[PDB]
$ cat work.txt   # compact mmCIF, C-alpha atoms
# COMPACT_ATOMS: atom_id res chain seq x y z
CA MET L 1 -1.54 20.43 2.32
CA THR L 2 -5.15 19.54 3.40
CA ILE L 3 -3.63 17.38 6.28
CA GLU L 4 -4.98 17.53 9.92
CA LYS L 5 -3.52 19.90 12.62
CA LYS L 6 -3.67 19.75 16.50
CA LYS L 7 -1.98 21.64 19.48
CA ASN L 8 1.46 19.81 19.57
CA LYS L 9 0.53 17.08 16.99
CA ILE L 10 0.77 17.12 13.12
CA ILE L 11 -1.13 14.42 11.14
CA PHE L 12 0.62 14.10 7.69
CA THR L 13 -0.69 12.05 4.67
CA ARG L 14 0.95 11.32 1.23
CA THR L 15 0.04 8.97 -1.71
CA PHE L 16 3.00 6.80 -2.97
CA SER L 17 2.86 5.23 -6.48
CA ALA L 18 4.35 1.84 -5.34
CA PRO L 19 3.31 -1.68 -3.92
CA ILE L 20 2.62 -1.84 -0.08
CA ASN L 21 5.67 -4.10 0.68
CA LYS L 22 8.48 -1.72 -0.57
CA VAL L 23 6.57 1.31 0.90
CA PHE L 24 6.83 -0.42 4.34
CA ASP L 25 10.48 -1.58 3.72
CA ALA L 26 11.27 2.18 3.12
CA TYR L 27 10.80 2.75 6.91
CA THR L 28 11.85 -0.81 7.93
CA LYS L 29 15.04 -1.53 5.81
CA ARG L 30 18.30 0.59 5.83
CA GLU L 31 19.27 -0.28 2.18
CA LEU L 32 16.19 1.80 1.16
CA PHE L 33 16.04 4.27 4.16
CA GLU L 34 19.44 5.97 3.43
CA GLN L 35 18.46 6.26 -0.33
CA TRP L 36 15.50 8.70 0.45
CA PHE L 37 15.57 10.04 4.10
CA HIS L 38 17.90 13.09 3.72
CA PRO L 39 17.61 16.96 3.30
CA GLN L 40 18.65 18.93 0.13
CA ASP L 41 22.44 18.89 -0.82
CA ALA L 42 22.99 16.48 2.17
CA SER L 43 23.57 12.66 2.51
CA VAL L 44 22.64 10.12 5.30
CA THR L 45 24.78 7.26 6.82
CA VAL L 46 22.86 4.49 8.72
CA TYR L 47 25.43 2.82 11.09
CA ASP L 48 22.92 0.17 12.34
CA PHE L 49 19.16 -0.50 11.73
CA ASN L 50 16.38 -2.63 13.36
CA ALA L 51 12.65 -1.79 12.79
CA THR L 52 10.47 -4.16 14.90
CA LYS L 53 8.32 -4.09 18.09
CA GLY L 54 10.93 -2.94 20.67
CA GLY L 55 13.67 -2.24 18.00
CA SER L 56 15.99 0.78 17.16
CA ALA L 57 18.03 2.38 14.26
CA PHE L 58 21.24 4.52 14.63
CA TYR L 59 21.76 6.88 11.62
CA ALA L 60 23.49 10.25 10.88
CA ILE L 61 22.51 13.21 8.62
CA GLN L 62 25.70 14.10 6.62
CA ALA L 63 25.38 17.89 5.87
CA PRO L 64 27.96 20.00 3.71
CA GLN L 65 29.88 21.25 6.89
CA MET L 66 28.23 19.14 9.72
CA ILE L 67 27.56 15.44 10.64
CA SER L 68 24.52 15.26 13.00
CA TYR L 69 23.24 12.04 14.76
CA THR L 70 19.69 10.61 15.41
CA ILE L 71 18.43 7.23 16.82
CA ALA L 72 14.80 6.14 16.13
CA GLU L 73 13.41 3.76 18.85
CA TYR L 74 10.83 1.49 17.10
CA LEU L 75 8.14 0.97 19.80
CA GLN L 76 5.66 -1.08 17.60
CA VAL L 77 6.34 -2.18 13.96
CA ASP L 78 3.68 -4.79 12.99
CA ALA L 79 2.55 -5.98 9.45
CA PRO L 80 3.32 -4.03 6.10
CA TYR L 81 0.54 -1.60 7.31
CA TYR L 82 1.63 -0.16 10.78
CA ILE L 83 4.91 1.52 11.96
CA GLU L 84 5.69 3.32 15.31
CA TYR L 85 9.02 4.96 16.39
CA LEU L 86 10.52 7.68 18.66
CA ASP L 87 12.90 10.29 17.10
CA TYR L 88 15.81 11.04 19.54
CA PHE L 89 18.46 13.64 18.52
CA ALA L 90 21.62 11.54 19.25
CA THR L 91 25.26 12.44 20.21
CA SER L 92 28.96 11.43 19.59
CA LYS L 93 28.58 9.00 22.60
CA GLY L 94 25.72 7.33 20.60
CA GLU L 95 22.85 7.41 23.21
CA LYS L 96 21.09 10.86 22.91
CA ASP L 97 21.44 14.61 23.62
CA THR L 98 19.46 14.08 26.93
CA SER L 99 18.49 17.85 27.22
CA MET L 100 15.32 17.14 25.06
CA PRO L 101 12.23 14.70 25.22
CA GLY L 102 11.59 11.86 22.68
CA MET L 103 9.60 12.88 19.53
CA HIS L 104 6.67 10.42 18.71
CA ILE L 105 5.53 9.17 15.21
CA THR L 106 2.93 6.41 14.35
CA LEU L 107 2.53 5.83 10.55
CA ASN L 108 -0.82 4.04 9.82
CA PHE L 109 -2.42 2.68 6.56
CA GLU L 110 -5.76 4.38 5.53
CA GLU L 111 -6.17 5.06 1.75
CA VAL L 112 -5.03 1.71 0.23
CA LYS L 113 -7.00 0.97 -3.02
CA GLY L 114 -4.35 0.82 -5.82
CA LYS L 115 -1.58 3.27 -4.77
CA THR L 116 -0.48 3.31 -1.06
CA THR L 117 -1.17 6.13 1.48
CA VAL L 118 0.37 5.77 4.99
CA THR L 119 -0.77 8.65 7.28
CA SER L 120 1.78 9.69 10.02
CA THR L 121 0.28 10.78 13.42
CA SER L 122 3.28 12.85 14.71
CA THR L 123 3.18 14.16 18.36
CA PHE L 124 5.85 16.90 18.89
CA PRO L 125 7.16 17.80 22.52
CA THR L 126 4.72 20.64 23.64
CA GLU L 127 3.73 24.40 23.54
CA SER L 128 4.66 25.60 19.98
CA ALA L 129 7.16 22.94 18.63
CA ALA L 130 4.63 21.41 16.13
CA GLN L 131 3.04 24.85 15.43
CA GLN L 132 6.50 26.30 14.55
CA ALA L 133 6.78 23.59 11.83
CA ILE L 134 3.37 24.89 10.44
CA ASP L 135 4.72 28.54 10.36
CA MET L 136 7.87 27.04 8.67
CA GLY L 137 5.71 25.14 6.09
CA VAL L 138 7.08 21.62 6.85
CA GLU L 139 4.21 19.96 4.81
CA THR L 140 5.87 20.52 1.35
CA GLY L 141 9.33 19.74 2.90
CA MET L 142 8.11 16.26 4.07
CA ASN L 143 6.55 15.67 0.58
CA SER L 144 9.99 16.66 -0.96
CA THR L 145 11.76 13.85 1.05
CA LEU L 146 8.83 11.48 0.14
CA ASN L 147 9.29 12.64 -3.53
CA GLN L 148 12.81 11.07 -3.24
CA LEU L 149 11.08 7.96 -1.70
CA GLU L 150 8.62 7.51 -4.64
CA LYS L 151 11.68 8.12 -6.93
CA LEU L 152 13.65 5.37 -4.99
CA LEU L 153 10.84 2.74 -5.16
CA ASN L 154 10.28 3.26 -8.96
CA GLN L 155 14.17 3.33 -9.27
CA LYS L 156 14.49 4.70 -12.91
CA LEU L 157 12.06 7.57 -11.94
CA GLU L 158 13.67 11.01 -12.60
CA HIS L 159 11.92 14.38 -13.35
CA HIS L 160 13.49 16.81 -10.78
CA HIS L 161 15.63 19.34 -12.79
CA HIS L 162 17.47 22.44 -11.36
CA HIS L 163 14.60 24.16 -9.43
CA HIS L 164 13.98 27.76 -10.74
$ encode --input "work.txt" --output "structure tokens"
Amino acid sequence: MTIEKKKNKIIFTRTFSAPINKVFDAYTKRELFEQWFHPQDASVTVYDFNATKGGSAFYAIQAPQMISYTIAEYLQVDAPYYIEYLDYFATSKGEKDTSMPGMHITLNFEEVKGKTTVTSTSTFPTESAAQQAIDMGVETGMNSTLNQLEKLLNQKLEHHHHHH
């Protein structure tokens, strides 16, 4: 994508065909969050969810042979236009893995005319963590999860056949 790149920070942007309220509730409500936020051939179970200023959400990525855990600490969630959270790789004891720092995302409204566009300022740990995602090509992978989001919000939307 034409999105903006820094040292250990990736600025992502994506246009959703959907009203601002349900686009916000995607990141702020579990009943929507576990219907889009998952990798390919894998599910997601949200045990508990709270997206507010000083909130948190405990969820788990259910993969074909693995169940991995992650808690997002919502630092500031204010209006249908601004979200902020911290992505912690979590453990079987709930809390976190502890051997890593907290990942930082702030998702901010910019291009709102008819269709919504909430641009995520994402600061990764340091050194080459964010850069490695660029060499991996994470930009289309994020858009693929957000493809499932636009599909969720329109509900009867379906166009994704067996990719070949």
$ residues_around --input "work.txt" --residues "stretch 47-57 of chain L" --least-positions-apart "4" --cutoff "10 Å" --atoms "only C-alpha atoms" --output "compact mmCIF listing (two decimals) with C-alpha atoms, in the coordinates of the input"
# COMPACT_ATOMS: atom_id res chain seq x y z
CA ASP L 25 10.48 -1.58 3.72
CA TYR L 27 10.80 2.75 6.91
CA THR L 28 11.85 -0.81 7.93
CA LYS L 29 15.04 -1.53 5.81
CA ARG L 30 18.30 0.59 5.83
CA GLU L 31 19.27 -0.28 2.18
CA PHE L 33 16.04 4.27 4.16
CA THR L 70 19.69 10.61 15.41
CA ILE L 71 18.43 7.23 16.82
CA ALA L 72 14.80 6.14 16.13
CA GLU L 73 13.41 3.76 18.85
CA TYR L 74 10.83 1.49 17.10
CA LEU L 75 8.14 0.97 19.80
CA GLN L 76 5.66 -1.08 17.60
CA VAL L 77 6.34 -2.18 13.96
CA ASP L 78 3.68 -4.79 12.99
CA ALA L 79 2.55 -5.98 9.45
CA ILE L 83 4.91 1.52 11.96
CA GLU L 84 5.69 3.32 15.31
CA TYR L 85 9.02 4.96 16.39
CA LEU L 86 10.52 7.68 18.66
CA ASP L 87 12.90 10.29 17.10
$ atom_distance --input "work.txt" --atom1 "atom CA of residue L:67" --atom2 "atom CA of residue L:155"
26.9 Å
$ residues_near_point --input "work.txt" --point "(-4.2, 3.2, 1.2)" --cutoff "12 Å" --atoms "only C-alpha atoms" --output "list in words"
residues 13, 14, 15, 16, 17, 18, 19, 20, 23, 80, 81, 82, 107, 108, 109, 110, 111, 112, 113, 114, 115, 116, 117, 118 and 119 of chain L
$ closest_residue --input "work.txt" --among "L:145, L:2, L:128, L:99" --to "residue L:26" --atoms "all atoms listed in the file"
L:145
$ closest_residue --input "work.txt" --among "L:46, L:63, L:134, L:105" --to "residue L:4" --atoms "all atoms listed in the file"
L:134
$ atom_distance --input "work.txt" --atom1 "atom CA of residue L:91" --atom2 "atom CA of residue L:65"
16.6 Å
$ atom_distance --input "work.txt" --atom1 "atom CA of residue L:92" --atom2 "atom CA of residue L:64"
18.1 Å
$ residues_around --input "work.txt" --residues "residue L:148" --least-positions-apart "2" --cutoff "8 Å" --atoms "all atoms listed in the file" --output "CSV table (one decimal) with C-alpha atoms, in the coordinates of the input"
chain,number,residue,atom,x,y,z
L,35,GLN,CA,18.5,6.3,-0.3
L,36,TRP,CA,15.5,8.7,0.4
L,37,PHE,CA,15.6,10.0,4.1
L,144,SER,CA,10.0,16.7,-1.0
L,145,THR,CA,11.8,13.8,1.0
L,146,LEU,CA,8.8,11.5,0.1
L,150,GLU,CA,8.6,7.5,-4.6
L,151,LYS,CA,11.7,8.1,-6.9
L,152,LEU,CA,13.6,5.4,-5.0
$ residues_around --input "work.txt" --residues "residue L:45" --least-positions-apart "3" --cutoff "8 Å" --atoms "only C-alpha atoms" --output "list in words"
residues 34, 59, 60, 61 and 62 of chain L
$ closest_residue --input "work.txt" --among "L:156, L:24, L:129, L:39" --to "residue L:141" --atoms "all atoms listed in the file"
L:39
$ closest_residue --input "work.txt" --among "L:142, L:69, L:161, L:44" --to "residue L:95" --atoms "all atoms listed in the file"
L:69
$ closest_residue --input "work.txt" --among "L:94, L:101, L:32, L:7" --to "residue L:154" --atoms "all atoms listed in the file"
L:32
$ residues_around --input "work.txt" --residues "residue L:122" --least-positions-apart "6" --cutoff "8 Å" --atoms "all atoms listed in the file" --output "ChimeraX atom specification"
/L:9-12,103-106
$ axis_aligned_box --input "work.txt" --around "stretch 58-65 of chain L" --padding-each-side "4 Å" --output "lines of an AutoDock Vina configuration file"
center_x = 25.6
center_y = 12.9
center_z = 9.2
size_x = 16.6
size_y = 24.7
size_z = 18.9
$ closest_residue --input "work.txt" --among "L:157, L:140, L:43, L:102" --to "residue L:126" --atoms "all atoms listed in the file"
L:102
